[PDB]
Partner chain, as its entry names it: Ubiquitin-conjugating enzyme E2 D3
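Just the one chain here, laid out as structure tokens, in the form solved without the partner chain.
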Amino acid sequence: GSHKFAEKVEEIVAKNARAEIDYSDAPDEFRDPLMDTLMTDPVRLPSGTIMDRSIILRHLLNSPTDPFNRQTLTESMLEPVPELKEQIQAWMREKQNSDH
């Protein structure tokens, strides 16, 4: 949710930002092609789609085939995209102004 704002110790009351943080979705980029949710680890898959190496972890448990073009999906055979992370932390940072 959200600890607190200013050093002023208090409690999660005076609502001012729902229960999520601004950067909860982000443009049609940092968003998961499927989960549309902010990825925590953007990796490129052979099929040609970038998603969260996480949502992929389970994917291989109940379906080793891409969730999209139903294409055989094989972990380890993917390329990591770090040039993305930074970007995410950036554009989302300018909307944090709260380094707890």
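Positions refer to the first chain, counted from 1.
The form deposited with the partner chain bound is left out here; the points below concern that form.
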property	result
Full three-residue contact with the partner chain in the deposited bound form, heavy atom 4.5 Å, for 85, 89 and 92	no
Exercise: residue 67 in contact with the partner chain in the deposited bound form, heavy atom 4.5 Å	yes
Close approach of residue 62 to the partner chain in the deposited bound form, 4.5 Å, heavy atom	yes
Contact label in the deposited bound form: residue 40 to the partner chain, heavy atom within 4.5 Å	no
Non-hydrogen atom contact residue 29 with the partner chain in the deposited bound form at 4.5 angstroms	no
Interface residues of 36-55 toward the partner chain, as seen in the deposited bound form [heavy atoms, 4.5 Å]	36, 37, 55
